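Working notes for the structure below.
Chains as they are written, first to last, in the authors' numbering: chain q, 1 to 502; chain v, 48 to 113, 123 to 137; chain r, 485 to 514.
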C-alpha cells in the first residue's frame, strides 16, 4: 500500500507547497536594485547583522516575518522579538500601512505566547505583554481575523472560555474553513470536558489538514481514551509520530502509558505480564535517553522503583519533581501519595495520613490518595473517623467505581452490624464490579454476606458460602465446612451435612 | 497490596491532564502558513484540491463515527426530459 | 478458558513480587 509518512501528504500536495514552504534559505533583495542576497538558515544566522542588513536594504516585511518564524523554529524567541522590534524600527513598516504594523504586533503576541509556553512561568507578565501587543494590533487593524484568534487564545489562557467561544462563533460566521478556529474551539471543548464535541472538530481539522500543527491526532487519541477505544488512539499516535518524528516526545509518553495500561489489564499470564512490562520499561528508558528530567517520566518510574523496594530513590525523584513542577498540583499529589506509600512500610501513620491529605488537597481527582487516607485512619484505629470519611466520599461520589472502597464499607458495616443493608449493597456492588472487570472476587466478601444473611436468608447465605468454597477450591477451611454442614443440617440435608462434617 | 491493585486499576488516568500540551495552538508552528501574508488563505485553499479520498487509508480508518446506498438520491429541481 | 487463565498473581495481588522478579538497570540521575 501507500506508505503513511510525511512524504505521503507532501506528494499529495502540489510541489509549490512541498519545497517552498520548508525552504531554509531566504532571498532578500538589496537596496542597490536588482541585487539580492540569499542566507541559509542552516548556518548560524546572526539576528543583529541580519536585521541591520534588512533595514539597510529595506526589504519587504514578509522576509522579516519569515526570518522571525525561522528563528522561532530555532528557539531564538529573544532573537525573533529583536527582529520584530527592529522591523518596527525599519523604514518599510513606518512607510507601510497600519496593517503591517498590526501583523508584526500580532507576531510579537505569538512570541510572548511561545515565551510563556516554553517556560510555563511568569504567566502574568507575558500575558500582559501579549495583551498590549494584540490591543495595539487591533487598534491599528481590527479587520484581521488573526487578532480575533489572538483574543480568543488570550481568553482561553485566562479561562474566559465564553468570550473565546463567542470569538470562534464569529470566525465560523466569517468562514467555516478556518483550521485554527476549529483547533481553538476543540481545545476549549476539551477544557470543558466536551470530549465528543471536541472530537468532531478534531476529525474535521484532520480531514482538512493532515499536516497541521498542533496535531489533531493527539486530541483524537485523548478522545479515544475517553471513549475506551485506546487501540485506535495508539494507532493514531503512531501515525502522528510517523508524520512528526521530532519534538513530539509527549506522543511517545502516551504510547508508553497505553502499553503499561494494556499490560496491567490484559496480560493473560505471569510470563506475558513480565514480557510486556519489561518491553514498556525498555521503551520508556529509550525515550528517557532523550530527556532524563521529565517530571512525568520520573513519577512513572517511581511506581516501578517503589515496587522494587527502592523507596529512597522514590523519595529522591518525588522531591526533585516537587521542586521543579510545584506549579502543577497533580505532580504534587502524586509525590505526596508516593511518600505516604513509602512511609506506610515505616508505618508513619500520622505522617502517611498527613501526606495523603496533602495529596488530596493538591489534586482532588486522586482517589488512590483518599483511599490511602482511609487506610491510614484504619491503621490509627480510627474506626468511626474512617467510617465518616468513607461515607462522605461515597455520598459525594456515588457513581465512582471504587470496588475496594465499597468492600471496605461493607466490612465496616458488618462489624457495626446495625448497617447490614448498606453492607449487602456495597458487597453486591463490589461483586458486580469484579465480575465486569474479570477480577478474582474475594471470598471474604462472600463470607461477610453469608454472615449477614444468617439472620435474613439461610438460602442466600448458603449459596454465597458455596460460591466462596468454589473460589477457594483446596483453600477450604474448617469453619467454612462446618458452616456448610450446619446449613445443610438446618435444611435437613442429612447426607450433605454429614459429608461436610466429614 | 490493596492499594497496589487500586493503582493498577487506576494506572495513570488523572495524569493525562498535563499531557494536554498538544492542545495549545500557535500560528508560527506551521512552516508555510506565514511565508506570505496570504499564505494562510493559500494553504486553506491548498487543501481544497484534496479531499477524503486523498487521505491515507490508515488515516481514513482513524475517521470512525462516534457508505452510500443506491436508493437515496440527492434532490433536484429541474429534473430532465 | 481465557477468563480463568488471566486470573493470576498480579490480579490476586502478587503484582509487586512480579515486578521485583523483573530486574532492569536505568541511567538514573538520582
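Virtual Cβ for every residue (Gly too), placed ideally from N, Cα, C.
Quiz item: Looking only at C-alpha atoms, which of q:254, q:345, q:451 and q:242 sits nearest to residue 231 (chain q)?
Solution: To locate residue 231 (chain q), count along the first chain from 1; it is residue 231. q:254 is the residue among q:254, q:345, q:451 and q:242 whose C-alpha sits nearest the C-alpha of residue 231 (chain q).
Quiz item: Looking only at C-alpha atoms, which of v:50, v:53, v:58 and v:131 sits nearest to residue 300 (chain q)?
Solution: The residue labelled residue 300 (chain q) in the question sits at position 300 within the first chain. Cα-wise, what sits closest to residue 300 (chain q) is v:58.
Exercise. Give me the Cα-Cα distance between residue 468 (chain q) and residue 496 (chain q), rounded to the nearest whole angstrom.
Key: Residue numbering aside, residue 468 (chain q) sits at position 468 when the first chain is read from its first letter. Residue numbering aside, residue 496 (chain q) sits at position 496 when the first chain is read from its first letter. CA-to-CA, the gap between residue 468 (chain q) and residue 496 (chain q) works out to about 17 angstroms.
Quiz prompt | Cross-strand partners of residue 29 (chain q) (DSSP beta bridge) | solution = The residue labelled residue 29 (chain q) in the question sits at position 29 within the first chain. Beta-bridge partners assigned by DSSP to residue 29 (chain q): q:36.
Practice problem: Just mark residue 327 (chain q) as buried or exposed, buried being the case when its beta carbon has 16 or more other beta carbons within 10 Å. | Solution: Taking the first chain and counting its residues from 1, the one referred to as residue 327 (chain q) is at position 327. Exposed, because fewer than 16 other Cβ atoms sit within 10 Å of the Cβ of residue 327 (chain q).
Quiz item: Does the region 120 to 135 of chain q touch the region 88 to 99 of chain v, meaning 3 or more C-beta pairs lie closer than 8 angstroms?
Solution: No: fewer than three Cβ pairs fall under 8 angstroms.
Quiz item: Can you list, in chain order, the stretches of the alpha helix (DSSP H) that have 4 or more residues and sit fully within the region 151 to 189 of chain q?
Solution: Complete alpha helix (DSSP H) runs here, min 4: 161 to 174.
Exercise. Starting from residue 274 (chain q), follow the alpha helix (DSSP H) in both directions and report where the run begins and ends.
Key: In the first chain, residue 274 (chain q) corresponds to position 274, counting from 1. Run containing residue 274 (chain q): 270 to 288, per the alpha helix (DSSP H) assignment.
Exercise. Keeping to the same chain, check which residues put their C-beta closer than 6 angstroms to that of residue 178 (chain q); ignore five residues upstream and five downstream.
Key: Here residue 178 (chain q) is taken as the residue at index 178 of the first chain, counted from 1. Around residue 178 (chain q): 171.
Quiz item: Is residue 375 (chain q) buried or exposed, if buried means 16 or more other CB atoms sit within 10 Å of its CB?
Solution: Position 375 of the first chain, counting from 1, holds the residue named residue 375 (chain q). The residue in question, residue 375 (chain q), is buried, as its Cβ has 16 or more Cβ neighbours within 10 Å.
Exercise. Put residue 348 (chain q) into one of helix, strand or coil per three-state DSSP.
Key: Your numbering for residue 348 (chain q) matches position 348 in the first chain. Note: residue 348 (chain q) maps to coil in three-state DSSP.
Self-check item: Inter-residue spacing [alpha-carbon to alpha-carbon] between residue 163 (chain q) and residue 76 (chain v)
Solution: In the first chain, the residue the question calls residue 163 (chain q) occupies position 163. In the second chain, the residue the question calls residue 76 (chain v) occupies position 29. Those two C-alpha atoms are separated by around 24 angstroms.
Quiz item: Would you say residue 109 (chain q) and residue 134 (chain q) are within 9 angstroms of each other, going by their C-beta atoms?
Solution: Along the first chain, read from residue 1 onward, the residue named residue 109 (chain q) stands at position 109. Along the first chain, read from residue 1 onward, the residue named residue 134 (chain q) stands at position 134. Note that the C-beta distance between residue 109 (chain q) and residue 134 (chain q) is below 9 angstroms.
Quiz item: Are any of the Cβ atoms in chain q nearer than 9 angstroms to that of residue 128 (chain v)?
Solution: Within the second chain, numbered from 1, the residue matching residue 128 (chain v) stands at position 72. Chain q contact via Cβ: absent.
Quiz item: What in chain r is Cβ-close to residue 430 (chain q), meaning under 7 angstroms?
Solution: Looking up residue 430 (chain q) in the first chain gives position 430. In chain order: nothing, as chain r lies at least about 15 angstroms away.
Quiz item: Excluding five sequence neighbours on each side, which residues of the same chain lie with their C-beta closer than 6 angstroms to the C-beta of residue 9 (chain q)?
Solution: Position 9 of the first chain, counted from the first residue, corresponds to residue 9 (chain q). Closer than 6 angstroms at Cβ, skipping near neighbours: 210 and 211.
Self-check item: Where the alpha helix (DSSP H) containing residue 207 (chain q) begins and where it ends
Solution: In the first chain, counting from the first residue as 1, residue 207 (chain q) sits at position 207. For residue 207 (chain q), the uninterrupted alpha helix (DSSP H) segment begins and ends at 195 to 208.
Quiz item: Given that a residue counts as buried once 16 or more other Cβ atoms are within 10 Å of its Cβ, and exposed if not, what is residue 504 (chain q)?
Solution: An answer regarding residue 504 (chain q) cannot be provided, because it is not within the stretch 1 to 502 covered by chain q.
Quiz item: Between residue 257 (chain q) and residue 216 (chain q), is the Cβ-Cβ spacing less than 9 angstroms?
Solution: Counting from 1 along the first chain, the entry for residue 257 (chain q) is found at position 257. Counting from 1 along the first chain, the entry for residue 216 (chain q) is found at position 216. With respect to residue 216 (chain q), residue 257 (chain q) sits apart: the two C-beta atoms are not nearer than 9 angstroms.
Quiz item: Taking just the CA atoms, how far does residue 292 (chain q) sit from residue 513 (chain r)?
Solution: Here the question's residue 513 (chain r) lines up with position 29 in the third chain. Here the question's residue 292 (chain q) lines up with position 292 in the first chain. Here the alpha carbons of residue 292 (chain q) and residue 513 (chain r) stand approximately 8 angstroms from one another.
Quiz prompt | Cutoff 9 angstroms: residue 323 (chain q) Cβ touching any chain r Cβ | solution = Looking up residue 323 (chain q) in the first chain gives position 323. It does not: the Cβ of residue 323 (chain q) has no partner Cβ on chain r nearer than 9 angstroms.
Quiz item: Can you give the beta carbon distance from residue 103 (chain v) to residue 407 (chain q), rounded, assuming they're within the 8 angstroms contact cut?
Solution: As a position in the second chain, residue 103 (chain v) is number 56, starting the count at 1. As a position in the first chain, residue 407 (chain q) is number 407, starting the count at 1. Between residue 103 (chain v) and residue 407 (chain q) a beta carbon distance of about 48 angstroms is seen, past the 8 angstroms cut, so the two are scored as non-contacting.
Exercise. Could you list the residues in the region 234 to 251 of chain q with a C-beta less than 8 angstroms from some C-beta on chain r, going in chain order?
Key: In summary, no residue of the region 234 to 251 of chain q has a CB separated from any CB of chain r by less than 8 angstroms.
Quiz item: Does at least one heavy atom of the ligand NAD sit under 8 angstroms from the Cβ of residue 111 (chain q)?
Solution: No copy of the ligand NAD occurs in the structure displayed, which carries no ligand at all.
Exercise. Count the other CB atoms, across all protein chains shown, that sit within 10 Å of the CB of residue 446 (chain q); report buried if there are 16 or more and exposed otherwise.
Key: Position 446 of the first chain, counting from 1, holds the residue named residue 446 (chain q). Here residue 446 (chain q) is buried. Its C-beta has 16 or more other C-beta atoms within 10 Å.
Quiz item: By a C-beta neighbour count over all protein chains shown, 10 Å radius and 16 as the cutoff for buried, is residue 111 (chain v) buried or exposed?
Solution: The residue labelled residue 111 (chain v) in the question sits at position 64 within the second chain. By the C-beta density criterion, residue 111 (chain v) is exposed, having fewer than 16 other C-beta atoms within 10 angstroms.
Practice problem: Could you tell me whether the Cβ of residue 71 (chain v) comes closer than 9 angstroms to any Cβ of chain q? | Solution: Here the question's residue 71 (chain v) lines up with position 24 in the second chain. Judged by the 9 angstroms Cβ criterion, residue 71 (chain v) is in contact with chain q.
Quiz item: Is there a Cβ from chain v that is less than 9 angstroms from the Cβ of residue 8 (chain q)?
Solution: Here residue 8 (chain q) refers to the residue found at position 8 of the first chain. Yes, residue 8 (chain q) lies at the interface with chain v (some Cβ there is under 9 angstroms from its Cβ).
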